[PDB]
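The chain below stands alone and is given in structure tokens; this is the form deposited in one PDB entry.
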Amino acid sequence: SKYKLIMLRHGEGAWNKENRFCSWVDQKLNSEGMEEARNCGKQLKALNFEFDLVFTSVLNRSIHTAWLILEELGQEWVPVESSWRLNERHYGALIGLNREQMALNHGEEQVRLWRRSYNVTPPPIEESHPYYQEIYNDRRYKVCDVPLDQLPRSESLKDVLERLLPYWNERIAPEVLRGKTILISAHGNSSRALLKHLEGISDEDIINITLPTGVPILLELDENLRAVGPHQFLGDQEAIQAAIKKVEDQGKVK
């Protein structure tokens, strides 16, 4: 293809073992998630990736993932830019809740709908929510490209794409078209949104895409920045399939 792009979601964060929706809560990587980022960097080094620019969200776990990757590559000097527009989907009032408990109380199908639907919007987070203040009082959201009171209080995946697309179009895509090799260090839902756009995945088919943590995703793009074929997970496909199943199973009872 004319261009190649790498994107990924970070490895396990500090709420993964507790199986809680994390979203805009700024949890750090845990020890396993740090190792996943190192493994990504080693895999990218083995394939000779030489990045020219890295894009991340403003959540520290995506930034630390980038930094660990760049250290493994010996590319710490490569410019990094961060934007809330690559943040994980805002899960609203579901932030902090246990996915398995939700499946037990409401049905696995209900949790699957909440997690993977394109159109369904979670209930908005309210000021009484235990995690409201630590999100909206953070300085990183006082200096972003929209006013604090305009930031979402919950998002469908469609909403994520709507706020990610301007950043892709205005900032990332022009660099790809210059022939620069780009790394996008983001999150499960923000990566799914961008894949939906670049691959032309239907609203119905995007529900069945679950991305494994800490696995580089190669996208080959044509002159119009449309995918030439489906995304490719770089690694051992058996391990990758088990990693996908692991994410799916977070929403299953027992």
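Rigid core (definition): largest C-alpha set, two forms, superposition within 1.5 Å. Numbers for residues come from their place in the sequence shown, where the first is 1.
Look at the mean CA B-factor for 102-110 and for 145-153 in the entry; the higher one is 145-153.
Comparing 215-223 with 48-56, the higher mean C-alpha B-factor in the PDB entry belongs to 215-223. When the C-alpha B-factors of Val78, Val160, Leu183, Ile125 are read from the PDB record, the largest value belongs to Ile125. Across the options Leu73, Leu86, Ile172, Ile135, the residue with the most elevated CA B-factor in the record is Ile135.
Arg178: CA B factor in the highest third of modelled residues in this chain (values from the PDB entry). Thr65 sits in the lowest third of its chain by CA B factor, as recorded in the PDB entry. When the modelled residues of the chain are ordered by their C-alpha B factor, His231 lands in the middle third.
Split the chain's modelled residues into thirds by C-alpha temperature factor. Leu8 is in the lowest one. Sort the chain's modelled residues by C-alpha temperature factor and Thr210 lands in the middle third, per the entry.
Beyond the structure shown, there is the form deposited in another entry, which is absent from this document and is the topic of what follows.
Among the residues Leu157, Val111, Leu164, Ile125, the single one whose Cα moves by at least 2 Å between the shown form and the other one, once the core is superposed, is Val111. Here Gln101 counts as shifted, since its C-alpha moves by at least 2 Å between the shown form and the other one after the core is aligned. Comparing the forms between the shown form and the other one on their rigid core, the Cα displacement of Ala14 reaches 2 Å or more.
The pair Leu195 and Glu109 is at least 3 angstroms farther apart at the CA level in that other deposited form than in the present model. Annotation for the pair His106/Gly92: C-alpha atoms approach each other in that other deposited form, by 3 Å or more compared with this form.
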